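Student: PDB entry and its sequence, pasted below:
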Amino acid sequence: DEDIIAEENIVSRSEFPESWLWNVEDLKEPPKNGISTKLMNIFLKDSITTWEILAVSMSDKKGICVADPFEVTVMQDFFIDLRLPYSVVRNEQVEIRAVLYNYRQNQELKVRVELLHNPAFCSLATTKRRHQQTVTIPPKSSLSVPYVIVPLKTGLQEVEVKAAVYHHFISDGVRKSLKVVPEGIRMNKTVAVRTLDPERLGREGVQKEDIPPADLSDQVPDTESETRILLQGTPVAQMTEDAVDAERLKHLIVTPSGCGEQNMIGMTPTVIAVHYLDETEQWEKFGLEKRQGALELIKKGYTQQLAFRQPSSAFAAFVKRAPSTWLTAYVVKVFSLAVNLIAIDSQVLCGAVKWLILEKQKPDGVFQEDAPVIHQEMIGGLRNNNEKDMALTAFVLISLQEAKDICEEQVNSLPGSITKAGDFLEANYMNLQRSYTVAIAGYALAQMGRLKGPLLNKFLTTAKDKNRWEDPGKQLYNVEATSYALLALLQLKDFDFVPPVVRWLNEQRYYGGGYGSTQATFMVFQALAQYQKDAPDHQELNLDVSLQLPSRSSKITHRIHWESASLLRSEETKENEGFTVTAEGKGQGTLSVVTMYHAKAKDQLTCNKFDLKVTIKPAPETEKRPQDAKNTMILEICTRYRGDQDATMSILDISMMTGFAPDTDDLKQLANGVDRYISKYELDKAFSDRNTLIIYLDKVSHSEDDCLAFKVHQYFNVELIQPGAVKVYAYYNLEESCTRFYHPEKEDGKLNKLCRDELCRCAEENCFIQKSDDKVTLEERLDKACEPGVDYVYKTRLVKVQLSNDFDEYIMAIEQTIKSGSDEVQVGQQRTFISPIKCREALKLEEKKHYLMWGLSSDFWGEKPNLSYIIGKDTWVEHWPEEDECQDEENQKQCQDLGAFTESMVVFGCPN
Amino acid sequence: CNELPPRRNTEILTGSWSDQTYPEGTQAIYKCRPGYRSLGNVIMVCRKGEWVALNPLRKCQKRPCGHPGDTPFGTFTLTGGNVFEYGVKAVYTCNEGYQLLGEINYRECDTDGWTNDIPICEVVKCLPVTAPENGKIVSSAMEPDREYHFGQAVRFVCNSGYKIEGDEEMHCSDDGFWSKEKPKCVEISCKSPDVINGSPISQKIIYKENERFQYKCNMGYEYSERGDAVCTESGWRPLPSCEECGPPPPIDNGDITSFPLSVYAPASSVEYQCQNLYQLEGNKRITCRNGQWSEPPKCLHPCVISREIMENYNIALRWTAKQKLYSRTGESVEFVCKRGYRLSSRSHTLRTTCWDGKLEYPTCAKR
Amino acid sequence: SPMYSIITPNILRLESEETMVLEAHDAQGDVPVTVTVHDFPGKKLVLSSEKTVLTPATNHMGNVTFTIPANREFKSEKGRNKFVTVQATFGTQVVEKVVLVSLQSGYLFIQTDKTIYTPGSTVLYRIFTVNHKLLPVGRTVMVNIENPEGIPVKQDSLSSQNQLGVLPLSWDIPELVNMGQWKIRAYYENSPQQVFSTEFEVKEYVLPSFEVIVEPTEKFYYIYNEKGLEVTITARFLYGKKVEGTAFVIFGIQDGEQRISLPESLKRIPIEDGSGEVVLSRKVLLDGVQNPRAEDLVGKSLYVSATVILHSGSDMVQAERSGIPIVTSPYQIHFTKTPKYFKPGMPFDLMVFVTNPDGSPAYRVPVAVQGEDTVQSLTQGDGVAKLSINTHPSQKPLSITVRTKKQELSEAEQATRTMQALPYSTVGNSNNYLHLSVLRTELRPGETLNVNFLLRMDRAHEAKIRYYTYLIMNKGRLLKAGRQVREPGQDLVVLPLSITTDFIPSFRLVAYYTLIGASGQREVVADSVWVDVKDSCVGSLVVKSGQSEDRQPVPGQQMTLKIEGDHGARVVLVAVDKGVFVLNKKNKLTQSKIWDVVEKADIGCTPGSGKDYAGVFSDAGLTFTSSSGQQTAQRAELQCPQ
Ligand SMILES: *[C@@H]1O[C@H](CO)[C@@H](O[C@@H]2O[C@H](CO)[C@@H](O)[C@H](O)[C@H]2NC(C)=O)[C@H](O)[C@H]1NC(C)=O
């Protein structure tokens, strides 16, 4: 071509990122007034827009700084804006627009624009011929070039448009991709929702769920589906019983005073209160500052109790009074639970312990109270005279085991003494009757782990209603007994029996304090404090869930832990399979199998809100030598809104057929009133390069069709005329639109294509093989029909021509099988040869005539019962003269060549 | 002209050119050599006696290659130029933490297009880590022994009764190796604390978990809040603070009358005492003579008379004080046969004496 | 006679350097001080242990700087607040205080490359890891990707070490994905309760080729403006050039969440040279709503929808401008910057905050107090004016009503607001007050502010006051403490405070004095004031052209970028098409948003002062504890009170 850049030397722009330059640079240059400047070289992308560059700095001494946005516009004098939609539907004819911009001040441009061929699309551009148009873009202006394409195969396909100007070294190219989507509509089916619980719903600790394959009955042919296996964990908080409210303990802060017994009576509530509030961490509501004074009181009580410590390291109500066994044991108890709060002297505690072993323990091993305490209300359940030996032993023993870790180093006879006490409780435990004694002796034995067998059975069956160790008498004795039993269950790790006990204790609302609350105040809060200690915050979650797909070689496993229980674990599989899921471990989960696919749509896909009819007719009459140009046609457009009311302001987007332009006079007549509007910008434009048009409507009726029409003149002549298009929509919504095509020949403006089911092939190539029969020889015919591509070579006779609105059918009788391929057709059978209507006049196939036809195996179309032939670009179709015609001297060359052709093919065939 | 048109540096001949001398007005078409572009053919003309240029403005420029394309997690730079023309080289470099896959790291704009493919950057990976002995890996994200990549951090937590030894956390560093070494889980142990202004009460030096350490404060000093420390996996909590012969041997059923101490030295002495009703035999006081303790005494076992054993022999206590009675070593006990019984064959006396836990019960065999 | 006192922030943060100020008033010689921090209540660990000596050369005033390690023990059963016992020991005396503890390790900022993403693309984001001083640190951070429903879909645990406080990450978006607002959630490993988030929309879209801007003449609509709502439409290509076409504009009324379109207001206007105008007439506005009383429309808003079509008909862009309040006054008065406690008899300062209906500051707006036309001030660039009044010695509640007196505006359209201040209750009705005043002006780093200490008390003990103790609160931690010498007789002393970059964005100055007065009782009187500073970066970072301005870039052309910033700083970049922002311009990381997060995590809760001397310390984020017993109440609220 002259004075233009060749097509092959133009590299289309393709780098159109929405964001880029995600880079990191360090400012290491020698500072200048504290600022270190770094010059950075960057490669711009192909987009023609403005980039906003944002900067964020991170310094050791200066911290983080977000700079102001720096805008950098990128542009060219001449470029292509290829406007592609996000997606398009397979096999639906669409029109795209390439808008050419010329931003030169005073220079018009003669431009040639080409749409590159793509096998995945159907357009006038083929592998053999190009789709060009030579337009003129005035200075400081733009021009729109419509291209009509049909997506053939799904997936990410590519569109490439190039352009070069004449008489200048100025070119541009745009290459963009779009998503091609199956005809059907996006659907998902909930295949399965199963509850995962191996310890509860599983056999032998494993749970196997069988998932059926999805229905997929309305699945669109030749569409893929994706099945999602969604594993999630079910975290379950284990319901720790609510701790006693901090306000209900305000009264337990008492100043200790009195003598050997009255001092401990006042010291008990304070020590256990701090012990409980410390464990439950409720000093926030109680008052943080108050805890300090509370400690001073415990110290006070302790110091005052040292005054009653007899030289034998024992304790009694008065210095002269004989040392009491129970009082010394109880002081050990309280002092042992208070070592974590204040400074408790070891000599005091350990001396009392060594005393009780050596002075009040018999050989059998049982503790004896040789001086009963004066306050009989501070001992609680031991008042009930029955089984003093068993009860008092349990009490003293518990005080020993509680002071074990402190006084095991100093007191050497402690382990042996604990063991002797344990023997007596073990021996006569089963002969107990009083619920209280079974409770207190049960906790004394559970601390050693000697509460098993029938003994543990008696401890559990003595609990009435499985939640309280109750005995006829004062309720305070029963509260103490149930507290001892709860401490035993927290020692026996029997968390299956603990919730009922604890719940009953909280329902009593007993907050300690009052006449003879000593035991019931200490024990209930010690048991509850130990309950909040051993209380385990959450049910253990550790799921091992393994999938098993038939199409996977190995096993996909997932470990659902507590720390990541809510994490959605998705595993996708393209095959619609039935599979096995095996879960094992503690905890709970949820399994959701959901399969996405493409479903056939009952509901209309296109033109849901608008009816559009477009007609193109030969205009009549015609004048002489004014008008605009030669050949004139009439475009008529009729639209109706599919609603209950009239439509509001609407847009008519009309693209001309290649070589046509609207008549100015008709447009000026439409634009005048009548609730229509065509802008002056459109009316001022010249007759050339006016291939797009927008008619604005004030409203369109819903009751009937609103119709307009105008004349279009042909100013440019082209061998292939591209169909024009009309797109109606309402201004408030561009998606609810309708688009129709018109082409004078081709009805309904549609391009030529052959569709069945959902696979369409392009039929816009050459009608057949046109060459000049003189130029053809015998070697030419022999070389082409011997190619491996050529599947069949037949001598046929055209029996019948069935004319149709879309494709012409040529019923041919296979007279002779010169070369057979896939089709095993016999002499005498008939085959139908299909061809586009544009070719009917170019082939001129008449009945009762003969033809030599050969073609590719890619020209097959059907299934073996109804196998048809497609006359494509590679289909050889030559007229075969009859025997009486071969005697003539004009047909001599063809007859000799054809007879030889048959002979060589029949006898010798292809050399290979 | 009397020659052929000169073979240009960026152009090529298209005609046969077999004659020697050429007439006037002959046009010599120069084709644009591979990797160059022009609006049309650069045509030369012979006139007078030289091959002039008919198209002085039309020249062959360098062919434009497209944008070489950016690769994920990597940038590029241009070599031998500042425009994407024929003859430049685009060298790629992966970001920090990303390593190149393959051996081709450049793209050379040739006559056809960009040479080779766009390089690919992969994130560096660390070797998988196994759970340490007596410990687990709480962190990470699922999958036993899956290859970690750059950045991912790992934490180590021992089981109960063990404390960590080494760095606690780590992460996959830049070179594909972990930032810290794999630690160890050792049993929790504590040494004897050095209490300031104080002295230890206990004897043991090595301590296990939850074992308490008892101490006293020197004169002039007193306990700071608490009076003892506990061995925890982190140390002694709280810490001991004072603000301003060996131990005697143990005896069965008895102890010493004083608080034991650590060292006694020769000439020291301690007194022993048995449990209640137990009888002591030997020197009640032991003495340290030449780094050795004297023979400590022993506690003789008394006898317990239970109603359960008396019922089997059909015998009862003469002076009915229980149902149970204790007898020290050397004490005698008097029984009587229950009503309707006789002294039996294998009995001789109803009065027997207890000797170090052995008492002969009389039997009555019913008359 | 000697009184020992400690001050520590209301809430103590982990892994952050915290200062504690120690004073020994009325003391002689050297006072050995040992500060130990223990856990509450067990006192299991000694979290810190520093030492110092209070010498007369330092006026018996020193500080102890300590950083509390984030042990894994301070993690509760979740939900309860954690506390520590701060125990300072001077000689024999020991003063302990229980302080609230925050689990916050510092700040995390997330930057996504774009604001909206198509299914299939990769989201590139960087996590900036700093401490409470915004300085880069190296810690372990947990990241969670979350779908619009709320379910986490990808967890991770990474390290910020050797990354200079910037952590580059990415997440691939599946092709099949749920549309809507997705979230990234990150939190430090040590502080799982402080979870920082950024959203990004996932949607199917294509970038437009031009932008449309709908900008009304006024930022509001006066209900009695007969002209109606006049609107300017501005359409221009993304590469700069203007747009020729036609625009369809339609109006609607928004009431809360109820939108009422106005079909009668639809207009089609020519867009010539990228600009058009369309007016919503008052008549059409009133006819659209079924209420003749125009007063009822006040409180509702207006939205405008414009559709622009190019003459080529190949692209169309719809844009909207909502939230246009229908008002009866151009201004709005706020008392969010004025202390709510006064000192009877002393001048009371007010920081009026006048804004436009859209929330932006209003410049040069006359404001005055009702009945006192003399007290008329003018708003500054930030829309903040200063109004000083004279209080009488009384216990009556001071009620202030401020109105705008913008001339050329009728009294019916003037903005008004009413506030109330409470008397500063004094210790034993001794009528001892302290008043701090500060020149109200946009303060910048590198200047000096004169702080006026004004004393009022009886003359029986005025000579006893020899010094003031002043403290500065910045970013929620104690920045600086010192003394102000005052001679007997001086009623007013001036403190020249040097303002550096460490005071951004704002600081509180709380000063107090102590004495033994009246009935020999130990008395503490305090007062605080809030001072704003010009929000900016500590250093600087500018991006400009590294080439000649005449040269316009070209698609593919190499370009030079001039980056000028702080020495040694690591700068991270991103280039985004402006078309993206036409669809979504939310969650964009700016500097103003950084200081917003910082200022919202402040432990101070008031502009200044309090009901008593303890309220002054607590409201300014401080805990005071003296050996004599004068101390602030405990704080059990991480968050400020309603
Ligand atoms: C795939 O499954 C989802 C479940 O999340 C289904 O729910 C649809 O999603 C939309 C959200 O845009 C919901 O408002 C509706 O519940 C569903 N809409 C429709 C039109 O069905 C649905 O079956 C699938 N999702 C989509 C977007 O179709």
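Tutor: Received it, and whenever you're ready, just let me know what you need. Residues are numbered from 1 along each chain as shown, chains lettered A, B, ... in the order given.
Student: mind checking how far whichever residue of the stretch 701-850 of chain A sits closest to chain C is from chain B?
Tutor: Residue nearest to chain C within the stretch 701-850 of chain A (C-beta to the nearest C-beta): residue A:731, separated by 4.5 Å. Where you see a C-beta, it was placed from the backbone N, CA and C, and this is true even at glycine. As defined by C-beta to the nearest C-beta, to the nearest Å, residue A:731 lies at a distance of 38 Å from chain B.
Student: same question, residue A:365
Tutor: In this structure, residue A:365 and chain B are 10 Å apart, going by C-beta to the nearest C-beta.
Student: re the thing from before, how many neighbours does the residue of the stretch 701-850 of chain A closest to chain C have?
Tutor: Look at residue A:731: counted by other C-beta atoms under 10 Å in any protein chain shown, it has 23 neighbours.
Student: Which of the helices or strands spans residue 37?
Tutor: Because you didn't say which chain, this covers chain A. strand A:35-43 (DSSP states H and E).
Student: was after chain C, sorry
Tutor: Assigned by DSSP H and E, residue C:37 falls in strand C:31-39.
Student: Strands of the stretch 751-900 of chain A, start to end?
Tutor: Counting by DSSP state E, counting those that start in this stretch, the stretch 751-900 of chain A has these strands, from start to end: A:753-756, A:759-762, A:790-802, A:807-819, A:830-836, A:850-856, A:860-861, A:868-870, A:876-880.
Student: Can you tell me which of those strands is most buried?
Tutor: strand A:850-856 (a mean of 22; mean count of other C-beta atoms under 10 Å in any protein chain shown).
Student: quick one: that strand to strand A:790-802, angle?
Tutor: Using axes from the mean of the first three to the mean of the last three C-alpha atoms, to 10 degrees, the direction of strand A:850-856 lies 130 degrees away from that of strand A:790-802.
Student: returning to what we had before: can you tell me what sits against the strand holding residue C:37?
Tutor: For strand C:31-39, contacts defined as C-beta atoms under 8 Å, 6 or more residues apart in numbering or on different chains pick out C:20, C:22, C:24, C:44-54, C:60, C:62, C:64, C:66, C:68, C:73-74, C:84-91.
Student: Inside strands: which ones of those?
Tutor: Among these, DSSP state E puts C:20, C:22, C:24, C:46-54, C:62, C:64, C:66, C:84-90 in strands.
Student: For chain B, tell me which of these show up nearby.
Tutor: For chain B, the contacts drawn from the ones in strands among the contacts of strand C:31-39 by C-beta under 8 Å from any C-beta of the partner chain are residue C:46.
Student: And the closest residue to chain A within the stretch 1-150 of chain C, how close does it get to chain B?
Tutor: Residue of the stretch 1-150 of chain C nearest chain A, by C-beta to the nearest C-beta: residue C:134 (3.8 Å). Counting by C-beta to the nearest C-beta, the gap from residue C:134 to chain B is 23 Å.
Student: can you pull the contacts of that residue?
Tutor: Taking C-beta under 8 Å, 6+ apart, we find residue C:134 in contact with A:63, A:64, C:107, C:538, C:594, C:598.
Student: I'd like these written out as TSV, with neighbour count added.
Tutor: Output for those, formatted as TSV (neighbours: other C-beta atoms under 10 Å in any protein chain shown):
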residue	neighbour count
A:63	24
A:64	25
C:107	21
C:538	18
C:594	23
C:598	20
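Student: Quick check: the farthest pair among those residues?
Tutor: C:107 and C:538 (14.3 Å; C-beta to C-beta).
Student: Next, give phi and psi for residue A:521.
Tutor: Dihedral angles of residue A:521 (phi, psi; degrees, to the nearest 10) stand at phi -80, psi -50.
Student: Find the nearest non-adjacent residue to it, please.
Tutor: residue A:512 (3.3 Å; C-beta to C-beta, 6 or more residues apart in numbering or on different chains).
Student: With chain B as the reference, measure out to that neighbour.
Tutor: 26 Å.
Student: Residue C:32 too?
Tutor: From residue C:32 to chain B the distance is 12 Å (C-beta to the nearest C-beta).
Student: quick one: the longest strand that chain C contains to chain centroid distance?
Tutor: In chain C, assigned by DSSP E, the strand with the most residues is strand C:258-271. Using C-alpha atoms, centre = their mean, to the nearest Å, the mean C-alpha position of strand C:258-271 is found 39 Å from that of the whole chain.
Student: what does stretch A:516-529 give?
Tutor: Using C-alpha atoms, centre = their mean, the offset of stretch A:516-529 from its chain centre is 55 Å.
Student: Alpha carbons of it, as CSV, please.
Tutor: This file holds the C-alpha atoms of stretch A:516-529, laid out as CSV (Å, rounded to 0.1, in the frame of the first residue of the first chain):
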residue,chain,number,x,y,z
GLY,A,516,-22.8,-20.4,113.3
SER,A,517,-21.9,-20.0,109.6
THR,A,518,-18.2,-20.8,110.1
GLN,A,519,-18.1,-24.2,108.3
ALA,A,520,-20.9,-23.3,105.8
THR,A,521,-19.1,-20.1,104.9
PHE,A,522,-15.6,-21.6,104.4
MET,A,523,-16.7,-24.7,102.6
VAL,A,524,-19.2,-23.3,100.1
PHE,A,525,-16.8,-20.7,98.8
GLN,A,526,-13.8,-23.1,98.8
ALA,A,527,-15.8,-25.5,96.8
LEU,A,528,-17.1,-22.9,94.4
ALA,A,529,-13.6,-21.3,94.0
